[PDB]
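As provided, final-v3.csv (CSV, N, CA and C atoms) reads as follows.
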chain,number,residue,atom,x,y,z
M,54,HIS,N,0.8,-1.2,0.0
M,54,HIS,CA,0.0,0.0,0.0
M,54,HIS,C,0.9,1.3,0.0
M,55,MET,N,0.4,2.2,-0.8
M,55,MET,CA,1.0,3.5,-1.0
M,55,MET,C,-0.1,4.5,-1.5
M,56,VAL,N,0.2,5.8,-1.6
M,56,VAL,CA,-0.8,6.8,-2.0
M,56,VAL,C,-0.2,7.4,-3.3
M,57,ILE,N,-1.1,8.0,-4.1
M,57,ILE,CA,-0.6,8.7,-5.3
M,57,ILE,C,-0.6,10.2,-5.3
M,61,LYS,N,-1.3,17.2,-11.3
M,61,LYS,CA,-2.5,18.1,-11.2
M,61,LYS,C,-2.7,19.1,-12.4
M,62,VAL,N,-1.8,19.1,-13.4
M,62,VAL,CA,-2.0,19.8,-14.7
M,62,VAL,C,-2.2,18.7,-15.7
M,63,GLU,N,-3.5,18.4,-16.0
M,63,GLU,CA,-3.8,17.3,-16.9
M,63,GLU,C,-3.8,17.7,-18.4
M,64,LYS,N,-3.1,16.9,-19.2
M,64,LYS,CA,-3.2,17.1,-20.6
M,64,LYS,C,-4.5,16.5,-21.1
M,65,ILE,N,-5.2,17.2,-21.9
M,65,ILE,CA,-6.5,16.8,-22.4
M,65,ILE,C,-6.6,17.0,-23.9
M,66,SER,N,-7.7,16.6,-24.5
M,66,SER,CA,-8.1,16.7,-25.9
M,66,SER,C,-9.1,17.7,-26.1
M,67,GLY,N,-9.3,18.1,-27.4
M,67,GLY,CA,-10.4,19.0,-27.7
M,67,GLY,C,-11.7,18.6,-27.2
M,68,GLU,N,-12.1,17.4,-27.4
M,68,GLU,CA,-13.4,17.0,-26.9
M,68,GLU,C,-13.5,17.1,-25.4
M,69,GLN,N,-12.4,16.7,-24.7
M,69,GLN,CA,-12.4,16.7,-23.3
M,69,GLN,C,-12.5,18.2,-22.8
M,70,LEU,N,-11.9,19.1,-23.5
M,70,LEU,CA,-11.9,20.5,-23.1
M,70,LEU,C,-13.4,21.1,-23.2
M,71,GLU,N,-14.1,20.6,-24.2
M,71,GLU,CA,-15.5,21.1,-24.4
M,71,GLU,C,-16.3,20.9,-23.1
M,72,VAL,N,-16.2,19.7,-22.5
M,72,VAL,CA,-17.0,19.4,-21.3
M,72,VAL,C,-16.3,20.1,-20.1
M,73,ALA,N,-15.0,20.0,-20.0
M,73,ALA,CA,-14.3,20.7,-18.9
M,73,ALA,C,-14.7,22.1,-18.9
M,74,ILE,N,-15.1,22.7,-20.0
M,74,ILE,CA,-15.6,24.1,-20.0
M,74,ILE,C,-17.0,24.2,-19.5
M,75,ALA,N,-17.9,23.3,-20.1
M,75,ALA,CA,-19.3,23.4,-19.8
M,75,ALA,C,-19.6,22.8,-18.4
M,76,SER,N,-18.8,22.0,-17.8
M,76,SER,CA,-19.0,21.3,-16.6
M,76,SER,C,-18.2,21.9,-15.4
M,77,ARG,N,-17.6,23.1,-15.6
M,77,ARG,CA,-16.6,23.6,-14.6
M,77,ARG,C,-17.3,24.1,-13.3
M,78,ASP,N,-16.6,23.7,-12.2
M,78,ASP,CA,-17.0,24.2,-10.9
M,78,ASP,C,-16.1,25.4,-10.5
M,79,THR,N,-14.9,25.5,-11.0
M,79,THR,CA,-13.9,26.5,-10.5
M,79,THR,C,-13.5,27.3,-11.7
M,80,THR,N,-12.6,28.3,-11.5
M,80,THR,CA,-11.9,28.9,-12.5
M,80,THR,C,-11.1,27.9,-13.3
M,81,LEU,N,-11.1,27.9,-14.6
M,81,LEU,CA,-10.4,27.0,-15.5
M,81,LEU,C,-9.3,27.8,-16.2
M,82,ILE,N,-8.1,27.2,-16.2
M,82,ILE,CA,-7.0,27.7,-17.0
M,82,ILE,C,-6.6,26.7,-18.0
M,83,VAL,N,-6.6,27.1,-19.3
M,83,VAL,CA,-6.3,26.2,-20.4
M,83,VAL,C,-5.0,26.7,-21.1
M,84,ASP,N,-4.0,25.8,-21.1
M,84,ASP,CA,-2.7,26.2,-21.6
M,84,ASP,C,-2.5,25.5,-23.0
M,85,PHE,N,-2.5,26.3,-24.1
M,85,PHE,CA,-2.3,25.8,-25.4
M,85,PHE,C,-0.8,25.8,-25.7
M,86,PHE,N,-0.2,24.7,-26.0
M,86,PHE,CA,1.2,24.6,-26.0
M,86,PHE,C,1.7,23.6,-27.1
M,87,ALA,N,3.0,23.7,-27.3
M,87,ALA,CA,3.7,22.8,-28.2
M,87,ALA,C,4.9,22.3,-27.5
M,88,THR,N,5.3,21.0,-27.9
M,88,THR,CA,6.4,20.3,-27.2
M,88,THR,C,7.7,20.9,-27.6
M,89,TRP,N,7.8,21.5,-28.7
M,89,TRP,CA,9.1,22.1,-29.2
M,89,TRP,C,9.3,23.6,-28.7
M,90,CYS,N,8.4,24.1,-28.0
M,90,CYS,CA,8.4,25.5,-27.6
M,90,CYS,C,9.0,25.7,-26.2
M,91,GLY,N,10.1,26.5,-26.2
M,91,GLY,CA,10.8,26.8,-24.9
M,91,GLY,C,9.9,27.4,-23.9
M,92,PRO,N,9.4,28.6,-24.1
M,92,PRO,CA,8.5,29.2,-23.1
M,92,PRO,C,7.3,28.4,-22.7
M,93,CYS,N,6.7,27.5,-23.6
M,93,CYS,CA,5.7,26.6,-23.1
M,93,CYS,C,6.2,25.6,-22.1
M,94,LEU,N,7.4,25.2,-22.3
M,94,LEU,CA,8.1,24.2,-21.3
M,94,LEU,C,8.2,24.9,-19.9
M,95,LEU,N,8.6,26.1,-19.9
M,95,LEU,CA,8.8,26.9,-18.7
M,95,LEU,C,7.4,27.2,-18.1
M,96,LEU,N,6.4,27.5,-18.9
M,96,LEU,CA,5.1,27.9,-18.4
M,96,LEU,C,4.5,26.7,-17.7
M,97,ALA,N,4.8,25.5,-18.2
M,97,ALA,CA,4.1,24.3,-17.6
M,97,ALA,C,4.6,24.1,-16.2
M,98,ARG,N,5.8,24.5,-15.9
M,98,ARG,CA,6.4,24.4,-14.5
M,98,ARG,C,5.6,25.4,-13.6
M,99,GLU,N,5.4,26.6,-14.1
M,99,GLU,CA,4.7,27.6,-13.3
M,99,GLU,C,3.3,27.2,-13.0
M,100,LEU,N,2.6,26.6,-14.1
M,100,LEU,CA,1.3,26.1,-13.9
M,100,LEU,C,1.2,25.0,-12.9
M,101,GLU,N,2.2,24.1,-12.8
M,101,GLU,CA,2.1,23.1,-11.8
M,101,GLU,C,2.2,23.7,-10.4
M,102,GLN,N,3.0,24.8,-10.2
M,102,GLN,CA,3.0,25.5,-9.0
M,102,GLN,C,1.7,26.2,-8.7
M,103,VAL,N,1.1,26.8,-9.7
M,103,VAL,CA,-0.2,27.4,-9.5
M,103,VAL,C,-1.2,26.4,-9.1
M,104,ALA,N,-1.3,25.3,-9.8
M,104,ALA,CA,-2.3,24.2,-9.5
M,104,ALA,C,-2.1,23.6,-8.1
M,105,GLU,N,-0.9,23.6,-7.6
M,105,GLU,CA,-0.7,23.1,-6.3
M,105,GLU,C,-1.1,24.1,-5.2
M,106,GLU,N,-0.5,25.3,-5.3
M,106,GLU,CA,-0.8,26.4,-4.4
M,106,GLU,C,-2.2,26.9,-4.3
M,107,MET,N,-3.0,26.6,-5.3
M,107,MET,CA,-4.4,27.0,-5.3
M,107,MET,C,-5.4,25.8,-5.5
M,108,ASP,N,-4.9,24.6,-5.1
M,108,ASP,CA,-5.7,23.4,-5.3
M,108,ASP,C,-7.1,23.6,-4.8
M,109,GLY,N,-8.1,23.2,-5.6
M,109,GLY,CA,-9.5,23.5,-5.3
M,109,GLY,C,-10.0,24.8,-5.7
M,110,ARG,N,-9.1,25.8,-6.0
M,110,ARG,CA,-9.6,27.1,-6.5
M,110,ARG,C,-9.5,27.2,-8.0
M,111,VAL,N,-8.6,26.3,-8.7
M,111,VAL,CA,-8.5,26.3,-10.1
M,111,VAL,C,-8.3,24.8,-10.5
M,112,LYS,N,-8.7,24.6,-11.8
M,112,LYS,CA,-8.2,23.4,-12.5
M,112,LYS,C,-7.4,23.9,-13.7
M,113,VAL,N,-6.2,23.3,-13.9
M,113,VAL,CA,-5.3,23.6,-15.0
M,113,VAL,C,-5.3,22.5,-15.9
M,114,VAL,N,-5.5,22.7,-17.2
M,114,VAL,CA,-5.4,21.7,-18.2
M,114,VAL,C,-4.5,22.3,-19.3
M,115,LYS,N,-3.9,21.4,-20.0
M,115,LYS,CA,-3.0,21.8,-21.1
M,115,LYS,C,-3.4,21.1,-22.4
M,116,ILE,N,-3.3,21.7,-23.6
M,116,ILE,CA,-3.7,21.1,-24.8
M,116,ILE,C,-2.6,21.2,-25.9
M,117,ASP,N,-2.1,20.1,-26.4
M,117,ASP,CA,-1.1,20.1,-27.4
M,117,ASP,C,-1.7,20.5,-28.7
M,118,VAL,N,-1.3,21.7,-29.3
M,118,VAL,CA,-1.9,22.2,-30.5
M,118,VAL,C,-1.6,21.3,-31.7
M,119,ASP,N,-0.4,20.7,-31.7
M,119,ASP,CA,0.0,19.8,-32.8
M,119,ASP,C,-1.0,18.6,-32.9
M,120,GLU,N,-1.4,18.1,-31.7
M,120,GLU,CA,-2.3,17.0,-31.6
M,120,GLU,C,-3.8,17.5,-31.8
M,121,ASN,N,-4.0,18.8,-31.8
M,121,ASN,CA,-5.4,19.3,-31.9
M,121,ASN,C,-5.5,20.4,-32.9
M,122,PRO,N,-5.1,20.1,-34.2
M,122,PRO,CA,-4.9,21.2,-35.1
M,122,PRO,C,-6.2,21.9,-35.5
M,123,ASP,N,-7.3,21.1,-35.5
M,123,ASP,CA,-8.6,21.7,-35.8
M,123,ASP,C,-9.0,22.7,-34.7
M,124,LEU,N,-8.9,22.4,-33.5
M,124,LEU,CA,-9.3,23.3,-32.4
M,124,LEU,C,-8.4,24.5,-32.4
M,125,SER,N,-7.1,24.3,-32.7
M,125,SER,CA,-6.2,25.4,-32.7
M,125,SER,C,-6.5,26.4,-33.8
M,126,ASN,N,-6.9,25.9,-34.9
M,126,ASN,CA,-7.4,26.8,-36.0
M,126,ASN,C,-8.7,27.5,-35.6
M,127,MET,N,-9.7,26.7,-35.1
M,127,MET,CA,-11.0,27.2,-34.7
M,127,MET,C,-10.9,28.4,-33.7
M,128,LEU,N,-9.9,28.4,-32.8
M,128,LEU,CA,-9.7,29.5,-31.9
M,128,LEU,C,-8.7,30.5,-32.4
M,129,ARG,N,-8.0,30.2,-33.5
M,129,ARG,CA,-7.0,31.1,-34.1
M,129,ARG,C,-5.9,31.3,-33.2
M,130,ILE,N,-5.3,30.2,-32.8
M,130,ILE,CA,-4.1,30.2,-31.9
M,130,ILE,C,-2.9,30.7,-32.7
M,131,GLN,N,-2.3,31.9,-32.4
M,131,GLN,CA,-1.3,32.4,-33.2
M,131,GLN,C,0.1,32.4,-32.5
M,132,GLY,N,0.1,32.4,-31.1
M,132,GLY,CA,1.4,32.5,-30.4
M,132,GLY,C,1.4,31.6,-29.2
M,133,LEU,N,2.5,31.0,-29.0
M,133,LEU,CA,2.6,29.9,-28.0
M,133,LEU,C,3.5,30.4,-26.8
M,134,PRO,N,3.2,30.0,-25.6
M,134,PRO,CA,1.9,29.4,-25.2
M,134,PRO,C,0.7,30.4,-25.3
M,135,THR,N,-0.5,29.9,-25.4
M,135,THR,CA,-1.7,30.7,-25.3
M,135,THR,C,-2.4,30.2,-24.0
M,136,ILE,N,-2.8,31.2,-23.2
M,136,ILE,CA,-3.5,30.9,-21.9
M,136,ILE,C,-4.9,31.5,-21.9
M,137,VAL,N,-5.8,30.7,-21.6
M,137,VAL,CA,-7.2,31.1,-21.5
M,137,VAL,C,-7.7,30.8,-20.1
M,138,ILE,N,-8.2,31.8,-19.4
M,138,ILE,CA,-8.7,31.7,-18.0
M,138,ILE,C,-10.2,32.0,-18.1
M,139,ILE,N,-10.9,31.0,-17.7
M,139,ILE,CA,-12.4,31.1,-17.8
M,139,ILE,C,-12.9,31.1,-16.3
M,140,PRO,N,-13.5,32.2,-15.9
M,140,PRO,CA,-14.0,32.3,-14.5
M,140,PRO,C,-15.1,31.2,-14.2
M,141,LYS,N,-15.3,31.0,-12.9
M,141,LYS,CA,-16.2,30.0,-12.5
M,141,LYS,C,-17.6,30.2,-13.0
M,142,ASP,N,-18.1,31.5,-12.9
M,142,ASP,CA,-19.5,31.8,-13.2
M,142,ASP,C,-19.5,32.7,-14.5
M,143,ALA,N,-20.6,32.6,-15.2
M,143,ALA,CA,-20.7,33.4,-16.5
M,143,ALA,C,-20.9,34.8,-16.1
M,144,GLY,N,-20.6,35.7,-17.1
M,144,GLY,CA,-20.8,37.2,-16.7
M,144,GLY,C,-19.4,37.7,-16.4
M,145,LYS,N,-18.7,37.1,-15.4
M,145,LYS,CA,-17.3,37.4,-15.0
M,145,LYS,C,-16.6,37.0,-16.3
M,146,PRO,N,-16.1,37.9,-17.1
M,146,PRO,CA,-15.5,37.6,-18.4
M,146,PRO,C,-14.1,36.9,-18.4
M,147,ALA,N,-13.8,36.1,-19.5
M,147,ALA,CA,-12.6,35.4,-19.6
M,147,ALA,C,-11.4,36.2,-20.0
M,148,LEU,N,-10.2,35.7,-19.9
M,148,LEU,CA,-9.0,36.3,-20.3
M,148,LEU,C,-8.2,35.4,-21.2
M,149,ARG,N,-7.7,35.9,-22.2
M,149,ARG,CA,-6.8,35.2,-23.2
M,149,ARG,C,-5.5,35.9,-23.3
M,150,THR,N,-4.4,35.3,-23.2
M,150,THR,CA,-3.1,36.0,-23.3
M,150,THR,C,-2.1,35.1,-24.0
M,151,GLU,N,-1.0,35.7,-24.4
M,151,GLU,CA,0.1,34.9,-25.1
M,151,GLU,C,1.4,35.2,-24.4
M,152,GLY,N,2.2,34.2,-24.3
M,152,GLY,CA,3.6,34.3,-23.7
M,152,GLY,C,3.7,33.8,-22.3
M,153,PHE,N,4.9,33.7,-21.8
M,153,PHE,CA,5.2,33.2,-20.5
M,153,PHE,C,4.7,34.1,-19.4
M,154,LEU,N,4.2,33.6,-18.3
M,154,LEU,CA,3.6,34.4,-17.2
M,154,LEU,C,4.1,33.7,-15.9
M,155,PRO,N,4.8,34.3,-15.0
M,155,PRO,CA,5.2,33.7,-13.8
M,155,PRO,C,4.0,33.3,-12.9
M,156,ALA,N,4.2,32.2,-12.1
M,156,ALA,CA,3.1,31.7,-11.3
M,156,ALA,C,2.5,32.7,-10.4
M,157,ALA,N,3.3,33.6,-9.9
M,157,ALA,CA,2.7,34.7,-9.1
M,157,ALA,C,1.7,35.5,-9.8
M,158,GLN,N,2.1,36.0,-11.1
M,158,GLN,CA,1.2,36.7,-11.9
M,158,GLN,C,-0.1,35.9,-12.2
M,159,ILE,N,0.0,34.6,-12.5
M,159,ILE,CA,-1.1,33.8,-12.7
M,159,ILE,C,-2.1,33.8,-11.5
M,160,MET,N,-1.5,33.6,-10.3
M,160,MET,CA,-2.3,33.6,-9.1
M,160,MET,C,-3.0,34.9,-8.8
M,161,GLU,N,-2.3,36.0,-9.0
M,161,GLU,CA,-2.9,37.3,-8.9
M,161,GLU,C,-4.1,37.4,-9.8
M,162,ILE,N,-4.0,37.0,-11.1
M,162,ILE,CA,-5.1,37.0,-12.0
M,162,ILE,C,-6.3,36.2,-11.5
M,163,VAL,N,-6.1,35.0,-11.1
M,163,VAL,CA,-7.2,34.2,-10.6
M,163,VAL,C,-7.7,34.8,-9.4
M,164,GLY,N,-6.9,35.4,-8.5
M,164,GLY,CA,-7.4,36.1,-7.3
M,164,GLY,C,-8.3,37.3,-7.7
M,165,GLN,N,-7.9,38.1,-8.6
M,165,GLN,CA,-8.7,39.2,-9.0
M,165,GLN,C,-10.0,38.8,-9.7
M,166,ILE,N,-10.0,37.7,-10.4
M,166,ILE,CA,-11.2,37.1,-11.0
M,166,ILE,C,-12.2,36.6,-9.9
M,167,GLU,N,-11.6,36.2,-8.7
M,167,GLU,CA,-12.5,35.6,-7.7
M,167,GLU,C,-13.3,36.8,-7.0
M,168,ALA,N,-12.7,37.9,-6.8
M,168,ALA,CA,-13.4,39.1,-6.3
M,168,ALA,C,-13.8,40.0,-7.5
M,169,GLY,N,-15.0,39.6,-8.1
M,169,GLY,CA,-15.5,40.3,-9.2
M,169,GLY,C,-16.9,41.0,-9.1
Kindly present the structure from the file in structure tokens form.
Amino acid sequence: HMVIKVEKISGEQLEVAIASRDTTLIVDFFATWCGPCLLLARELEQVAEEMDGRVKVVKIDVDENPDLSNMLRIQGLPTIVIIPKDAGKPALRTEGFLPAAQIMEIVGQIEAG
């Protein structure tokens, strides 16, 4: 006996994760060859740990999801989309590396809306 947070998902998985969300949702659109994406994935794991139960972080490989990446017009990597828990509180979309502290401030400001 032994015991066992940034989940890689697919386009179809993201559809429900968006419609079924209880918390703020952070979606990281990334590619495996992209430096800044690699670094951002580390910050996101820190965000997902330090705010466990306040956010769910998911990542989506654009190369594996070319349809969805075109549908959203993903132009720069990484692309981060933060969807607040409740409708009305509007979403945020940004491009480029963001330190975990900045990500946490953003989620915090969305919580007090």
Original post:
So which residues fall inside 6 Å of (3.6, 22.6, -28.8) if we count all atoms listed in the file? Mind giving them as a ChimeraX atom specification?
Top reply: /M:86-90,117-119
Go ahead and write the selection's residues with N, CA and C atoms as a PDB file, in the frame of the given file.
ATOM      1  N   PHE M  86      -0.200  24.700 -26.000  1.00  0.00           N
ATOM      2  CA  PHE M  86       1.200  24.600 -26.000  1.00  0.00           C
ATOM      3  C   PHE M  86       1.700  23.600 -27.100  1.00  0.00           C
ATOM      4  N   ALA M  87       3.000  23.700 -27.300  1.00  0.00           N
ATOM      5  CA  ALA M  87       3.700  22.800 -28.200  1.00  0.00           C
ATOM      6  C   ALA M  87       4.900  22.300 -27.500  1.00  0.00           C
ATOM      7  N   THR M  88       5.300  21.000 -27.900  1.00  0.00           N
ATOM      8  CA  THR M  88       6.400  20.300 -27.200  1.00  0.00           C
ATOM      9  C   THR M  88       7.700  20.900 -27.600  1.00  0.00           C
ATOM     10  N   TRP M  89       7.800  21.500 -28.700  1.00  0.00           N
ATOM     11  CA  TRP M  89       9.100  22.100 -29.200  1.00  0.00           C
ATOM     12  C   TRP M  89       9.300  23.600 -28.700  1.00  0.00           C
ATOM     13  N   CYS M  90       8.400  24.100 -28.000  1.00  0.00           N
ATOM     14  CA  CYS M  90       8.400  25.500 -27.600  1.00  0.00           C
ATOM     15  C   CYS M  90       9.000  25.700 -26.200  1.00  0.00           C
ATOM     16  N   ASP M 117      -2.100  20.100 -26.400  1.00  0.00           N
ATOM     17  CA  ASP M 117      -1.100  20.100 -27.400  1.00  0.00           C
ATOM     18  C   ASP M 117      -1.700  20.500 -28.700  1.00  0.00           C
ATOM     19  N   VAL M 118      -1.300  21.700 -29.300  1.00  0.00           N
ATOM     20  CA  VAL M 118      -1.900  22.200 -30.500  1.00  0.00           C
ATOM     21  C   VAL M 118      -1.600  21.300 -31.700  1.00  0.00           C
ATOM     22  N   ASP M 119      -0.400  20.700 -31.700  1.00  0.00           N
ATOM     23  CA  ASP M 119       0.000  19.800 -32.800  1.00  0.00           C
ATOM     24  C   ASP M 119      -1.000  18.600 -32.900  1.00  0.00           C
TER      25      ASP M 119
END
Original post:
Near residue 148 in chain M, within 7 Å and counting only N, CA and C atoms, which residues show up once chain neighbours fewer than 5 positions away are dropped, as a ChimeraX atom specification?
Top reply: /M:136-140
Subject >> DSSP-assigned strand (DSSP E or B) members of range 73-106 of chain M, reported as a PyMOL selection string >> reply: chain M and resi 80-86
Kindly save the residues from that selection, with N, CA and C atoms included, as a PDB file, in the frame of the given file.
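As a result, again14.pdb now contains:
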ATOM      1  N   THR M  80     -12.600  28.300 -11.500  1.00  0.00           N
ATOM      2  CA  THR M  80     -11.900  28.900 -12.500  1.00  0.00           C
ATOM      3  C   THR M  80     -11.100  27.900 -13.300  1.00  0.00           C
ATOM      4  N   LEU M  81     -11.100  27.900 -14.600  1.00  0.00           N
ATOM      5  CA  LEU M  81     -10.400  27.000 -15.500  1.00  0.00           C
ATOM      6  C   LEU M  81      -9.300  27.800 -16.200  1.00  0.00           C
ATOM      7  N   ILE M  82      -8.100  27.200 -16.200  1.00  0.00           N
ATOM      8  CA  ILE M  82      -7.000  27.700 -17.000  1.00  0.00           C
ATOM      9  C   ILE M  82      -6.600  26.700 -18.000  1.00  0.00           C
ATOM     10  N   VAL M  83      -6.600  27.100 -19.300  1.00  0.00           N
ATOM     11  CA  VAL M  83      -6.300  26.200 -20.400  1.00  0.00           C
ATOM     12  C   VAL M  83      -5.000  26.700 -21.100  1.00  0.00           C
ATOM     13  N   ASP M  84      -4.000  25.800 -21.100  1.00  0.00           N
ATOM     14  CA  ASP M  84      -2.700  26.200 -21.600  1.00  0.00           C
ATOM     15  C   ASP M  84      -2.500  25.500 -23.000  1.00  0.00           C
ATOM     16  N   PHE M  85      -2.500  26.300 -24.100  1.00  0.00           N
ATOM     17  CA  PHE M  85      -2.300  25.800 -25.400  1.00  0.00           C
ATOM     18  C   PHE M  85      -0.800  25.800 -25.700  1.00  0.00           C
ATOM     19  N   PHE M  86      -0.200  24.700 -26.000  1.00  0.00           N
ATOM     20  CA  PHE M  86       1.200  24.600 -26.000  1.00  0.00           C
ATOM     21  C   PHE M  86       1.700  23.600 -27.100  1.00  0.00           C
TER      22      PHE M  86
END
Original post:
Quick one: distance from atom C of residue 166 in chain M to atom N of residue 83 in chain M in Å, one decimal?
Top reply: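 Going from atom C of residue 166 in chain M over to atom N of residue 83 in chain M covers 14.5 Å.
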Original post:
Which neighbours of range 66-74 of chain M fall inside 6.5 Å, counting all atoms listed in the file, when residues of the same chain fewer than 3 positions from it are skipped, and could you give them as a ChimeraX atom specification?
Top reply: /M:77,116,121,124
**OP:** Rounded to one decimal place, report the CA of residue 79 in chain M-CA of residue 56 in chain M distance in Å.
**Re:**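 Separation between CA of residue 79 in chain M and CA of residue 56 in chain M: 25.1 Å.
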**OP:** Would you kindly return, as an MDAnalysis selection string, each protein, DNA or RNA residue with an atom no farther than 12 Å from any atom of residue 103 in chain M, considering only C-alpha atoms and excluding same-chain residues fewer than 6 positions away?
**Re:** chainID M and resid 61:62 81:82 96:97 109:114 154:164
**OP:** Looking only at helix (DSSP H, G or I) from DSSP on the backbone, list the matching residues of chain M as a PyMOL selection string.
**Re:** chain M and resi 67-75+91-106+122-127+156-167
**OP:** Give me, please, the distance in Å between CA of residue 135 in chain M and CA of residue 115 in chain M, quoted to one decimal.
**Re:**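 Straight-line distance from CA of residue 135 in chain M to CA of residue 115 in chain M works out to 9.9 Å.
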Assuming the input is short of atoms at range 72-87 of chain M, produce N, CA, C and O atoms for that part as a short mmCIF file (atom, residue, chain, number, x, y, z; two decimals), in the coordinates of the input.
data_model
loop_
_atom_site.label_atom_id
_atom_site.label_comp_id
_atom_site.auth_asym_id
_atom_site.auth_seq_id
_atom_site.Cartn_x
_atom_site.Cartn_y
_atom_site.Cartn_z
N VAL M 72 -16.20 19.70 -22.50
CA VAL M 72 -17.00 19.40 -21.30
C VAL M 72 -16.30 20.10 -20.10
O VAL M 72 -16.98 20.73 -19.34
N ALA M 73 -15.00 20.00 -20.00
CA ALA M 73 -14.30 20.70 -18.90
C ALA M 73 -14.70 22.10 -18.90
O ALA M 73 -14.69 22.74 -17.78
N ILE M 74 -15.10 22.70 -20.00
CA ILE M 74 -15.60 24.10 -20.00
C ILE M 74 -17.00 24.20 -19.50
O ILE M 74 -17.36 25.05 -18.71
N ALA M 75 -17.90 23.30 -20.10
CA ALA M 75 -19.30 23.40 -19.80
C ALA M 75 -19.60 22.80 -18.40
O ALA M 75 -20.62 23.22 -17.78
N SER M 76 -18.80 22.00 -17.80
CA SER M 76 -19.00 21.30 -16.60
C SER M 76 -18.20 21.90 -15.40
O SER M 76 -18.01 21.25 -14.37
N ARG M 77 -17.60 23.10 -15.60
CA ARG M 77 -16.60 23.60 -14.60
C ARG M 77 -17.30 24.10 -13.30
O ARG M 77 -18.31 24.72 -13.31
N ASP M 78 -16.60 23.70 -12.20
CA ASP M 78 -17.00 24.20 -10.90
C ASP M 78 -16.10 25.40 -10.50
O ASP M 78 -16.56 26.24 -9.68
N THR M 79 -14.90 25.50 -11.00
CA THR M 79 -13.90 26.50 -10.50
C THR M 79 -13.50 27.30 -11.70
O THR M 79 -13.89 27.11 -12.86
N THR M 80 -12.60 28.30 -11.50
CA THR M 80 -11.90 28.90 -12.50
C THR M 80 -11.10 27.90 -13.30
O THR M 80 -10.50 26.97 -12.69
N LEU M 81 -11.10 27.90 -14.60
CA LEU M 81 -10.40 27.00 -15.50
C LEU M 81 -9.30 27.80 -16.20
O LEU M 81 -9.59 28.84 -16.78
N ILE M 82 -8.10 27.20 -16.20
CA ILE M 82 -7.00 27.70 -17.00
C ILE M 82 -6.60 26.70 -18.00
O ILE M 82 -6.35 25.49 -17.70
N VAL M 83 -6.60 27.10 -19.30
CA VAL M 83 -6.30 26.20 -20.40
C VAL M 83 -5.00 26.70 -21.10
O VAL M 83 -4.97 27.80 -21.56
N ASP M 84 -4.00 25.80 -21.10
CA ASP M 84 -2.70 26.20 -21.60
C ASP M 84 -2.50 25.50 -23.00
O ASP M 84 -2.44 24.23 -23.07
N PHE M 85 -2.50 26.30 -24.10
CA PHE M 85 -2.30 25.80 -25.40
C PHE M 85 -0.80 25.80 -25.70
O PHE M 85 -0.21 26.91 -25.60
N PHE M 86 -0.20 24.70 -26.00
CA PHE M 86 1.20 24.60 -26.00
C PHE M 86 1.70 23.60 -27.10
O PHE M 86 0.92 22.91 -27.70
N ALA M 87 3.00 23.70 -27.30
CA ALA M 87 3.70 22.80 -28.20
C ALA M 87 4.90 22.30 -27.50
O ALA M 87 5.49 22.96 -26.70
#
